[PDB]
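# pasting the first bit of my complex, frame unchanged:
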Amino acid sequence: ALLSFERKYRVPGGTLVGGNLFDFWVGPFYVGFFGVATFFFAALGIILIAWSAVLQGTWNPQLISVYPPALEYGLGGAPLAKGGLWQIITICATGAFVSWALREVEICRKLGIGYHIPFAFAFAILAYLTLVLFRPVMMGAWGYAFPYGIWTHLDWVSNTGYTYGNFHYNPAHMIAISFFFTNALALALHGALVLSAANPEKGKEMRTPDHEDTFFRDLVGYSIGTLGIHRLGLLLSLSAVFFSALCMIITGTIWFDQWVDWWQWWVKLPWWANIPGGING
Amino acid sequence: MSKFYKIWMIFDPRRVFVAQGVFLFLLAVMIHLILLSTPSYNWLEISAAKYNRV
Amino acid sequence: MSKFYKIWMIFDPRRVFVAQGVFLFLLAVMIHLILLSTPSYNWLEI
Amino acid sequence: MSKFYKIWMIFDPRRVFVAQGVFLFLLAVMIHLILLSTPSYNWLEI
Amino acid sequence: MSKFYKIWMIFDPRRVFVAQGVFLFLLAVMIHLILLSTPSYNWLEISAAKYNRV
Amino acid sequence: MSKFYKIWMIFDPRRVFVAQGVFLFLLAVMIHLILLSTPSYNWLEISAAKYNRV
Amino acid sequence: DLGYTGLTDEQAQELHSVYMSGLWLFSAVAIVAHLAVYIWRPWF
Amino acid sequence: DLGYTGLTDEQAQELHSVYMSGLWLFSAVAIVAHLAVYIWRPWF
């Protein structure tokens, strides 16, 4: 039912809409107005994906695919069987994600903590909306969004990437990838450091934050601190997602050619554009 | 059947009624969308063919 | 049917009315979208 | 423009508001007919 | 079979009834969708062919 | 075999019964899906062929 | 007589009556709109 | 005598009776709609 310590926190108030209409729990889950909304949307979306499985003709979970409308339909509606189910599922998913963020706001708010978590979830929501809503609308058709399938949206990724050659040459792409790799590195180092401090050589006393700073300063020579590492983690993840959204919003919209052709500008800069030798020329 | 009423000494009415309203609306939307998906029972397209709108 | 009124001894009017307004607007927008999707009953044509 | 408020020491609010509501609805319906009359901007074609 | 009732001295009725309702609805949706998937027992298509709806 | 009952001084009934229910349902779904996959023992297709419903 | 909200019988009846008056007004406007659309272009 | 919600026997019966009246009203409207659709276009 309740954690040993949970009861002193289960108080009324701190909710955006609906007073105490839905200000109650179902098991551990806090419900709220936006919890009601998000349960509705999630349930409807999962059901409509199952109905897509029925219409398509497979029950293999890895072959179920809900394709967006084809290019000729433009930005209008499509029949449910050939593109409309995708649109309804997209609306359901957007509503579910937004309601989840607002429910998180309500919970953060009943507990008296900052709103960093719904903040950071909004970044992922905006990346999803970039892929599904902003770019296809800016670009003319719902057919540029990805299908809802486990292995068929990878086909969308591959085709979109190879439309512009090697997508590795997108520069915002490189920045986003560097942020992702740095984020994974920092997460591994942080988890390892805290665990090694709390679980020292075996039977000797528990370590202190001073030991963590000492270890990492011995390793490379500059410890960032606990507050520093948590700030850096939040910012690395958010920067990665932001640059992903940027690299995809500019693709097919202001850049239409091979991306190495973008990299071509530095090579042609006046004070080396003509020299013989090297890779280029 | 007569003493099914004792379910309300098991379940709080508020939570049950919220869940029931959500469930009923979701089920109705389910069935309406299923009907709209099939070429028959898609009443809109049926009327479109009956009056030759397309 | 006569004594449905006691629903209001169960539910606070303020919250119910906010929820009902939100629900009705969302449902109307929904249906205007289903009509907009079909080639017929899409009035925004021309 | 600052003291336009004294119009309400001239006109009874009740009557003015009823007349204004009637006028605004009638004008909106009018404009809808004007849009409906032209082959473009007529949404009742479909 | 007579003293199966002692299951309720093992399990809390509230949780069991919530789980049972969820399970039963999910199973019914499962079976209905399985029937709708097959060309036969897709009652909608069956009635479409019988009455020459298409 | 007589004193197998002492398993319940090893295992808490609640956890064991939840795990057993989950296991039994998963196994039944497993076997039914395996039967439905093969062209024979897919009772749906078989009834469709015997009554010539296709 | 549960009174989770705190309302009495007369308050409940009064609030429900004014609600239902609003509900039937909404329903009447909806029926007028539906008849207008049906006459303009039927869906059956 | 078993109590979880704190409602008593009479409260339970009253609430269940008004629920069931609502449930049968909903069911009647559903049956009317189903008959209308069936007459309009059968699915059997």
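All right, it came through fine. Numbers count the residues shown, from 1 in each chain, chains lettered A, B, ... in the order given.
# which SSE is the one residue sitting closest to the centre of chain G in?
In chain G, the residue lying closest to the centroid (CA atoms, centre = their mean) is residue G:23, at 1.4 Å. Using DSSP states H and E, the element containing residue G:23 is helix G:9-40.
# okay, buried residues for that helix please.
G:12, G:13, G:15, G:16, G:19 (16 or more other CB atoms under 10 Å in any protein chain shown). Just so you know, the C-beta spots here come from the backbone N, C-alpha and C atoms, and that holds for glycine as well.
# helix, strand, or coil at the residue of chain B found nearest chain E?
Closest to chain E within chain B is residue B:40: 4.4 Å, counting by CB to the nearest CB. Following DSSP: H, G, I helix; E, B strand; the rest coil, we place residue B:40 in the coil state.
# give me the number of residues near it?
For residue B:40, the count of nearby residues is 18 (other CB atoms under 10 Å in any protein chain shown).
# just residue B:10 next, same as before
16.
# how about residue B:9?
17.
# so is the helix holding residue G:23 next to chain B?
No. Helix G:9-40 lies out of reach of chain B by CB under 8 Å from any CB of the partner chain, never closer than 10.8 Å.
# now that helix against helix C:13-37, angle please.
With axes from the mean of the first three to the mean of the last three CA atoms, to 10 degrees applied, the angle from helix G:9-40 to helix C:13-37 works out at 10 degrees.
# got a list of what the residue nearest to the centre of chain G touches?
The contact partners of residue G:23, by CB atoms under 8 Å, 6 or more residues apart in numbering or on different chains, come to none.
# any idea how far it is from residue G:36?
Separation of residue G:23 from residue G:36 (CB to CB, to the nearest Å): 21 Å.
# same question, residue A:231
For residue A:231, the distance to residue G:36 - CB to CB - is 60 Å.
# separation between the residue in chain G that chain C sits nearest to and chain E?
Per CB to the nearest CB, residue G:16 is where chain G lies closest to chain C, at 3.3 Å. Between residue G:16 and chain E the distance is 30 Å, computed by CB to the nearest CB, to the nearest Å.
# so what's that residue closest to, chain neighbours aside?
Nearest non-adjacent residue to residue G:16, counting by CB to CB, 6 or more residues apart in numbering or on different chains: residue C:5, 3.3 Å away.
# go ahead and confirm that neighbour touches residue G:8.
No. Between residue C:5 and residue G:8 there is no contact, the gap being 11.4 Å when judged by CB atoms under 8 Å.
# following sequence is chain I, add it:
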Amino acid sequence: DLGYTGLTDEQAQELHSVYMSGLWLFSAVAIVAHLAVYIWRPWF
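So, slotting chain I in with the rest:
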């Protein structure tokens, strides 16, 4: 006599009896539906 949930013997019997009445009602409706479908179109 375990008392994991707090209920006594009589409470357990009462709750189980009303459950089983509901269960057999559900089962009867299911059997009627199954016979209707079987007569309409057999699967054996």
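# re-run the earlier check on the neighbour count of residue B:9 with chain I in the model.
Using other CB under 10 Å, residue B:9 has 18 other residues around it.
# before we move on, what about residue A:199?
Neighbourhood size, residue A:199 [other CB under 10 Å]: 10.
# phi first, then psi, for it.
Reported as degrees, to the nearest 10, the phi and psi values for residue A:199 are phi -130, psi 80.
# in chain A, what residue comes closest to chain I?
residue A:1 (12.2 Å).
# distance of that residue relative to residue E:14?
Residue A:1 is 10 Å from residue E:14, by CB to CB.
# which of those two has more neighbours?
residue E:14 (14 against 9).
# that one and residue H:2 touch, don't they?
No. Counting by CB under 8 Å, residue E:14 sits too far from residue H:2 to count as a contact (11.9 Å).
# so which residues on chain A come close to chain C?
A:17, A:18, A:19, A:20, A:21, A:33, A:76, A:77, A:78, A:84, A:87.
# just those: which are in helices?
A:33, A:84, A:87 (DSSP state H).
# among those, which are in reach of chain H?
Within these, nothing lies near chain H by CB under 8 Å from any CB.
# pick the one among the residues you listed closest to residue A:262.
Set against residue A:262, the nearest of these by CB to CB is residue A:87 (33.4 Å).
# contacting residues around the closest residue to chain H within chain B?
Chain B approaches chain H most closely through residue B:5 (3.7 Å), counting by CB to the nearest CB. Residue B:5 makes contact with H:12, H:13, H:15, H:16, H:17 under the criterion CB under 8 Å, 6+ apart.
# count of residues packed around residue 8?
Answering for chain A, as no chain was given. Neighbour count for residue A:8, taken as other CB under 10 Å: 6.
# chain B is the one I meant
Residue B:8 has 20 neighbouring residues, counting by other CB under 10 Å.
# ok, it to residue G:5 distance?
Taken as CB to CB, the span from residue B:8 to residue G:5 is 17 Å.
# return the nearest residue of the stretch 101-250 of chain A with respect to chain B.
residue A:103 (14.7 Å).
# wait, residue A:174 touches residue A:180, no?
No. If you go by CB under 8 Å, residue A:174 and residue A:180 don't touch, sitting 10.8 Å apart.
# ok, the residue of the stretch 51-200 of chain A found nearest chain D - contacts?
For the stretch 51-200 of chain A and chain D, the shortest gap (CB to the nearest CB) falls at residue A:76, measuring 12.5 Å. The contact partners of residue A:76, taken as CB under 8 Å, 6+ apart, are C:36, C:37, C:42.
# throw chain J on there as well:
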Amino acid sequence: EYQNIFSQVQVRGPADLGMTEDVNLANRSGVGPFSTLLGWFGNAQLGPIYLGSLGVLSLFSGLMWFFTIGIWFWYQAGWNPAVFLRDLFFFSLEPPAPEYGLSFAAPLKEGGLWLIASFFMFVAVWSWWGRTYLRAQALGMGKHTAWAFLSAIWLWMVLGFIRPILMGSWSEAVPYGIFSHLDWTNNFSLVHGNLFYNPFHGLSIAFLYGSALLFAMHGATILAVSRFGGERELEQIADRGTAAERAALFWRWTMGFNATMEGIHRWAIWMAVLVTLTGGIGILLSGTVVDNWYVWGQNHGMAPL
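Time to bring in chain J:
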């Protein structure tokens, strides 16, 4: 609202030389300068760094690896500083051609230098791993950092050493160069069918996305409960406070389950380690067992045909 993203006022005083158990301080250097720029985000103090036997080994090997690649880049530009400036991202130190196989008979100019630089890189990375282990040991801490680094090293070794040996060719390792190693990645994907249909590739991507997810979640949670001293985590493990409870209750009311101040770091370390673990397994299977992953996916219920 103050968001705790940047410090709004800084303080400093005497430098902290660090704890002094079982650590030879003859090898620890002196504290460096304080950076006001780095102080707006985390600690402002730089140094002191420990310089041991493995430290010198790793520094020598890594410096020679970097220098060897640089000298090859200079040769490859014709010794022209302007060409070096303009083609810095296009230069490449490429492994021997396939016909040499695994032999060390490749001339200096189609891959002898690649082999030399690779030897230096091998020594540098393994010395750094040993140094991580010993720095953890000196302070009486656990060896978790060494094992996470070992996962990263596993992927690195598979990419550069183990897979070329299994395929019997040095030509299938990764060239040293920015755009050249990106093209190596793309061409590896092209040659073996889609890597998108490599299941371990998909798992690796799942755990990289999960790393970004989990670490945004955890940074946001700790910054949200930093008003109760939540960032001081070792002490919250030692003596639980209200920050830990509020974090646990947020996640419990949101998704039905939560973690501990201690246990979220087990989640974090495993989420980050599985990236390179599954990646190494996938790359090792790539070409050795499967050479067309799309067909494999068709055969395994993954692709439609």
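# the neighbour count of residue A:199 with chain J there, same question as before?
That count, for residue A:199 with other CB under 10 Å as the rule, works out to 17.
# can you tell me the closest non-neighbouring residue to it?
Using CB to CB, 6+ apart, the closest residue to residue A:199 is residue J:142 (4.8 Å).
# confirm residue J:273 sits in a strand?
No. Counting by three-state DSSP, residue J:273 is located in no strand; its state is helix.
# look up how far residue J:157 lies from it.
Counting by CB to CB, the gap from residue J:273 to residue J:157 is 15 Å.
# looking at these two, which one has more neighbours?
When residue J:273 and residue J:157 are compared for neighbours, residue J:273 comes out ahead with 25 against 17, by other CB under 10 Å.
# and the gap between the nearest residue to that one once chain neighbours are set aside and residue J:274?
Leaving aside its sequence neighbours, residue J:273 sits nearest to residue J:151 (CB to CB, 6+ apart; 4.4 Å). Residue J:151 sits 8 Å away from residue J:274, going by CB to CB.
# kindly report the same for residue J:145.
16 Å.
# those two: who's more crowded?
Counted by other CB under 10 Å, residue J:145 and residue J:274 do not tie: residue J:145 has more neighbours, with 25 against 18.
# so the more buried one sits against residue A:191, correct?
No. Residue J:145 is beyond contact range of residue A:191, at 9.3 Å (criterion: CB under 8 Å).
# neighbours of whichever residue of chain J sits closest to chain I, how many?
Per CB to the nearest CB, residue J:256 is where chain J lies closest to chain I, at 21.9 Å. Residue J:256: 11 surrounding residues under other CB under 10 Å.
# contact partners for it?
Counted by CB under 8 Å, 6+ apart, residue J:256 has contacts A:27, A:28, A:29.
# wait, isn't residue G:43 in contact with residue B:49?
No. Using CB under 8 Å, residue G:43 makes no contact with residue B:49, being 11.9 Å away.
# now chain G against chain I: closest residue?
Ranked by CB to the nearest CB, the top residue of chain G for proximity to chain I is residue G:2, at 22.0 Å.
# could you look up the SS state of that residue?
Per three-state DSSP, residue G:2 ends up coil.
# right, and it touches residue H:8 too?
No. Judged on CB under 8 Å, residue G:2 makes no contact with residue H:8 at a distance of 10.2 Å.
# and for whatever residue of chain B ends up closest to chain G, the neighbour number?
Here the residue of chain B nearest chain G is residue B:47; by CB to the nearest CB that distance is 4.6 Å. The tally of other residues near residue B:47 (other CB under 10 Å) stands at 16.
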